[PDB]
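The structure appears below as C-alpha cells.
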Amino acid sequence: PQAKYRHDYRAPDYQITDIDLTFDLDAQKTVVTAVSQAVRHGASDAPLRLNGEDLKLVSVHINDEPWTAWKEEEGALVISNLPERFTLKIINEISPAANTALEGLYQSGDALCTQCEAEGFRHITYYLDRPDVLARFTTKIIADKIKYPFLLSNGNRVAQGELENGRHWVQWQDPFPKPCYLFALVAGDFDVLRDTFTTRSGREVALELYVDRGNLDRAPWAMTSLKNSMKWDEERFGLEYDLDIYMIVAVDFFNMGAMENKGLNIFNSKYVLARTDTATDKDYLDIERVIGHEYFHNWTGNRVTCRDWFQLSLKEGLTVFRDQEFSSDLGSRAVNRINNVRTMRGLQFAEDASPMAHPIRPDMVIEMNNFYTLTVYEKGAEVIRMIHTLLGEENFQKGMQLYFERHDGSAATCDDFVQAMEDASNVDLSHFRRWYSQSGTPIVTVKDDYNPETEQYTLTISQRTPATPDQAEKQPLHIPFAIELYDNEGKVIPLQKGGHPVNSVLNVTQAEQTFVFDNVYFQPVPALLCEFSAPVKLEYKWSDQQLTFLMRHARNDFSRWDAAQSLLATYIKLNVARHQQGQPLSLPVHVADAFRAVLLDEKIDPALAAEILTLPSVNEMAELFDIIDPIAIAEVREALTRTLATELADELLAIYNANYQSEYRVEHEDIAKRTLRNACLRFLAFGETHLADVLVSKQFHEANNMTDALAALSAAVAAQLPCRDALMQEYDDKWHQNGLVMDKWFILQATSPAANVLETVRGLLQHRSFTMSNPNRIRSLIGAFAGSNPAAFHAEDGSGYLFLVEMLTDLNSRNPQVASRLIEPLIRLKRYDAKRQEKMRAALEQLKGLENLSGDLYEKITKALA
Ligand code: NA
Ligand code: NA
Ligand SMILES: [Zn+2]
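Counting from 5, one number per residue, gives the positions in the sequence shown under full-length UniProt numbering.
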C-alpha cells in the first residue's frame with residue numbers, strides 16, 4: 005500500500021453536519037441505512053469521495069433521487085455532479101461474524117460491538133472517515149429481542165419500539181458533534197451495574213457498566229474508579245461530564261485496551277473485571293489508570309478532537325499525562341514516576357532507535373493503526389510534562405482553559421495546543437515545538453567543575469540527537485534540565501548567580517552551554533535530570549560514591565531510585581562483559597551495602613524500597629548496549645539476583661516477615677508493603693533452595709489474594725524451584741475456565757527460564773484456555789514469548805524467529821493489528837549481532853513474501869529491511 009503525508013493535509017471538499025444511522029442488525033448480514041446532511045465547500049467539479057472497505061453497496065440517493073453519477077474505486081465511492089447542499093442516502097451491507105480483524109462492527113462472543121479508531125467507521129458505511137469531519141449522530145438499532153436485549157449507541161436514548169417477529173428497536177441521539185471514530189454500537193445480553201454520580205455543579209449522571217452475565221461481582225472496582233476519575237477531573241482540571249449517561253461495556257475480544265467512544269466507552273474486559281482472588285494490585289491500579297484515561301478523553305479527545313491522524317499525540321500524550329497525574333494524585337507520585345520512567349527508558353527508547361522511529365507527530369504514515377505507540381503515548385506525555393515543567397501548575401492550567409475556550413467543539417492540531425500554552429502563559433515555546441517534529445532520543449552530556457577559590461560550580465551541558473532511520477537532520481531541543489546540589493551533610497545548596505536566586509530547571513537550548521553557580525559553599529554531589537525532567541539519556545561520569553550518597557541523602561525519592569539505577573547500570577555492563585568471557589559475577593561490597601542500607605532504612609516508604617529492589621528488566625538493561633547479547637543479559641539478571649539474595653539473605657527474610665498482612669486491602673499503604681514483601685520473596689527464591697521451596701509453596705497455598713499467589717507462583721517459575729510444576733498445575737486446574745486469569749499463567753510459561761520453553765509454548769497453542777482468535781490470549785502466550793523472553797526468542801538456532809513467522813502468517817490474515825504488535829521484536833534486528841541479524845532478516849523476508857501481506861506488516865517489514 006501507499007503513504008500519507010502530514011504536509012499534504014487539506015481541508016475537506018465536503019462536510020457532513022448530521023447523520024442518521026439505521027442498523028437492521030444480524031451477525032451474518034447487517035443492513036445499514038445512513039442519511040447524511042452534506043455541504044460542498046470545494047469546487048463544483050470536485051466529487052465527493054467517501055471511504056468504504058468491505059462494504060456491499062445496495063443503493064445511493066441524493067435528495068431522494070437514485071443517483072447515477074458515481075463509481076467505486078480502490079476503497080472509495082466517488083459521487084459527481086452534486087449540488088452545494090444535499091442529503092446523501094446510502095444503503096449497504098456488512099457482515100459482523102466474518103470480521104476477525106475486530107475493525108468496524110464485529111462479534112465478541114455472542115455480542116455485537118464496534119471499534120472505529122482510527123478508520124474503522126468506513127467498514128460500516130461509506131463516509132468521510134477522517135476526524136476533521138464532525139457531525140451530529142442519531143442511531144436507530146433494530147434487532148432480535150432475545151439475542152440482543154440491550155442495544156446501545158452514543159448519547160441519550162430517545163425512542164424505543166417493539167415489532168412483529170420478536171424484534172425490537174431503540175434509538176439514540178448524541179447532541180455533541182463528533183468524528184466518526186468516536187461512534188460506537190453495542191448489542192447483546194449483559195448484567196448491568198448501575199450507579200450515579202452528581203457533578204460538582206449539580207448535574208446527576210447515570211452510570212451503567214455492562215459485563216457478561218455472571219460478572220457483576222468483578223465490576224464494582226471499575227465503577228468506583230470511574231467515580232474517582234470524574235471527581236478528580238473536577239478537582240484538578242475543573243472539568244465535568246457533559247451528558248446524562250455514562251456507559252461502559254466490557255467485551256472479551258478487543259484490539260486496544262479500551263476506547264473513549266462518547267458516552268459509550270468499550271473496554272477490553274481485562275481493564276474492567278477485578279476480584280481479590282482473580283486480580284493483582286497491579287491489575288487494580290491498571291483498571292484505575294485505564295478507566296481514568298478513557299474518562300479524561302471526554303475533554304482531551306472528544307470535546308476537542310484531532311484535525312487529522314498525524315495529530316494523534318494532541319489527545320494521547322495529553323490524556324496519558326492526565327492519567328499519570330490521576331494515578332500519582334491518588335497513590336504514590338514517586339512510584340508512578342519511577343514506573344513511567346522505567347517504561348520510557350526500557351521500551352520507548354528502543355522504538356526511537358528502531359526502523360519504526362517517528363516524532364510524536366509523525367510526518368508519514370502508511371497504516372495509522374501502527375502509530376498507537378509508546379512514542380505517541382508515553383513520549384507524548386513526557387512532552388506534555390516538559391510543558392508543565394516549564395510553566396508550572398497555575399500557568400499550565402491557564403493554557404488548558406485557553407485551549408478549550410479556543411477549540412471546544414472542533415478538531416485541532418498539536419501546534420494549536422502548544423500555542424494555547426504559549427499565549428496563556430507568556431513562556432515562549434517556539435523552540436520547544438521541535439519536540440513534536442523530531443524523532444530519536446537526545447543524549448545530554450554533563451561535565452562539571454568545582455572551584456574552591458571562587459566557590460563556583462560549573463556545568464557544561466551539551467546535547468546531540470543521533471540520526472534516526474526516519475530522519476537525517478537533527479537539531480538542538482529546548483531541554484528543561486532540573487538539578488539539585490547537595491552539600492556534604494546531605495542538605496541542598498541554594499542555586500544562585502551573582503547572589504540572586506536562580507531557577508533549578510535549566511534551559512538547555514543549545515548544542516553546548518555553560519552554567520555557573522555562585523556561593524556553592526562545598527563541593528556538591530549533584531542530582532541531574534531531576535525526576536527525568538526531559539526524556540533524554542544522560543551521560544555523566546558518576547563515581548559509585550556519589551551514587552550511594554544520593555541513595556541515602558537525596559531529598560527527592562525518585563532520585564534515590566534513579567541513583568540506584570545508575571549504580572546498577574555500571575555493574576550490569578561489567579557483568580555482561582564478564583559473562584561473555586566465561587567469568588562469574590563480580591560485585592563490590594559497597595554496592596551490596598548500599599542496597600542493604602535501603603532495606604533497613606525504617607523511614608523510607610516501603611514502595612520506594614520495593615522499586616529500588618526491583619532490578620532493571622531485560623529490556624531496560626538492553627538499552628545500555630549497542631549490540632544486545634540477550635542471553636548474557638538474562639543470565640546476568642539471574643546472577644545479580646542470586647548474589648543479592650545471598651549477600652542480604654537475613655535482612656530479606658526479616659523484611660519479608662515484617663510486612664506480612666492478614667487483611668487484604670487495595671489501599672496505597674498496603675499495596676506498598678505487599679510490594680516490598682514480594683520483592684523480598686523474589687530474592688529469597690534465588691537463595692537457599694529448600695527455604696525457597698518452603699516460603700514460595702506456603703505463600704502460594706495460603707493467600708488470600710492473587711497478588712500474593714502470583715508473586716509466589718512467579719518466583720517458583722523464575723527460580724525453577726522444586727514445587728513449580730505442581731503449583732503451575734494447581735493454577736491451571738482451578739483457573740482454566742477463565743481467560744483473564746489464565747493470561748497470567750501463559751505469560752509465566754512464555755517467560756520461563758527453563759530449557760525447552762519454545763517447545764512448551766508451541767504445545768500451549770493447544771491448551772484448553774488458549775485460542776488464536778482472542779488478542780488477549782495471543783499477547784499472553786505468543787507476545788510474552790517474543791517480547792519478554794529474549795533469551796529464548798533469540799536462540800542461536802533461529803527457532804524463535806521461525807515460530808513467530810508461523811504465528812504471523814496466520815495473524816496477517818486474521819488480525820493484522822495484533823500481528824503488527826507481535827512483529828515489533830523482529831524489526832529490532834539491527835541491535836543484535838550479525839548472525840542473529842541474518843536470520844531475523846531472513847524471517848522478515850519470508851513474511852514480506854506472503855500473499856495478501858497486510859499494510860500493517862508491510863509498513864514495518866519494508867522499514868526494517870531498508
Ligand atoms: Na461537519
Ligand atoms: Na499522591
Ligand atoms: Zn487514549
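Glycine is no exception: its CB is placed at the ideal position from the N, C-alpha and C atoms.
Along the length of the stretch 82-166, whole alpha helix (DSSP H) runs at least 4 residues long do not occur. Residue 542 places its beta carbon 7 Å or farther from that of residue 551.
Only buried fits residue 308, as 16 or more other CB atoms lie within 10 angstroms of its CB. Taking C-beta separations shorter than 7 Å and ignoring five residues to either side along the sequence, the partners of residue 850 in its chain run 809, following chain order. Taken from the Cβ of residue 323, at least one heavy atom of ligand 3 lies inside 6 Å. If you draw a 10 Å sphere on the C-beta of residue 143, you find 16 or more other C-beta atoms in it, and that means buried. For residue 649, the enclosing alpha helix (DSSP H) starts and ends at 634-651.
The count of Cβ pairs closer than 8 Å, one atom from the stretch 471-479 and one from the stretch 348-364, reaches three, so the stretches are in contact.
For residue 33, there is no enclosing alpha helix (DSSP H), as DSSP gives it neither H nor E.
Between residue 511 and the set 481, 500, 495, the nearest pair of CA atoms involves 481. With a cut-off of 6 Å, the C-beta of residue 416 is classified as distant from ligand 1, since no heavy atom of the ligand falls inside that distance. Runs of the alpha helix (DSSP H) lying entirely within the stretch 799-850, each at least 4 residues long, are 803-818, 820-827 in chain order. Every residue whose beta carbon comes nearer than 6 Å to a heavy atom of ligand 1 appears here in chain order: 19, 20, 21, 137, 138, 139. At least 7 Å separates the beta-carbon of residue 385 from that of residue 444.
With fewer than 16 other beta carbons inside 10 angstroms of its own, residue 430 counts as exposed. Here residue 263 carries a strand assignment [DSSP, helix/strand/coil]. Between the beta-carbon of residue 231 and that of residue 201 there is about 5 Å, and that keeps the pair under the 8 Å contact cut.
Within the DSSP secondary-structure output, residue 175 pairs in a beta bridge with 144, 163. Sixteen is the threshold: since fewer than 16 other Cβ atoms of the shown chains lie within 10 Å of the Cβ of residue 839, the residue is exposed. Between ligand 3 and residue 320, a heavy atom-to-CB distance of less than 6 Å is present. A distance criterion of 6 Å places the beta-carbon of residue 337 in contact range of ligand 2, judged by its closest non-hydrogen atom. DSSP places residue 540 outside both helix and strand once states are collapsed to three, so it counts as coil. Going by DSSP, residue 298 is part of the alpha helix (DSSP H) stretching over 285-300.
Residues 142, 159, 160, 162 of the same chain have their beta carbon placed closer than 7 Å to that of residue 177, with the five preceding and five following residues left out of the count. Under the DSSP definition of a beta bridge, residue 467 partners with 448. Residue 330 holds the alpha-carbon nearest to the alpha-carbon of residue 237 among 44, 295, 330. If you keep only unbroken alpha helix (DSSP H) runs of at least 4 residues inside the stretch 192-269, you get 224-236.
Per DSSP, residue 549 is one residue of the alpha helix (DSSP H) stretching across 548-557. Taking residue 713 as the centre and dropping the five residues before and after it, the same chain places the C-beta of 704, 707 closer than 6 Å to its C-beta, in chain order. Under the criterion of beta carbons closer than 8 Å, residue 23 and residue 39 qualify as touching, at roughly 7 Å. In the structure shown, residue 517 falls within a strand segment according to DSSP collapsed to helix, strand and coil.
Residues 22, 181 of the same chain have their beta carbon placed closer than 6 Å to that of residue 140, with the five preceding and five following residues left out of the count. The three-state reading of DSSP puts residue 368 in strand, counting E and B together. Assignment of residue 18 by DSSP, reduced to helix, strand and coil, places it in the strand class. Around the beta carbon of residue 525, fewer than 16 other beta carbons lie within 10 angstroms, which makes this residue exposed.
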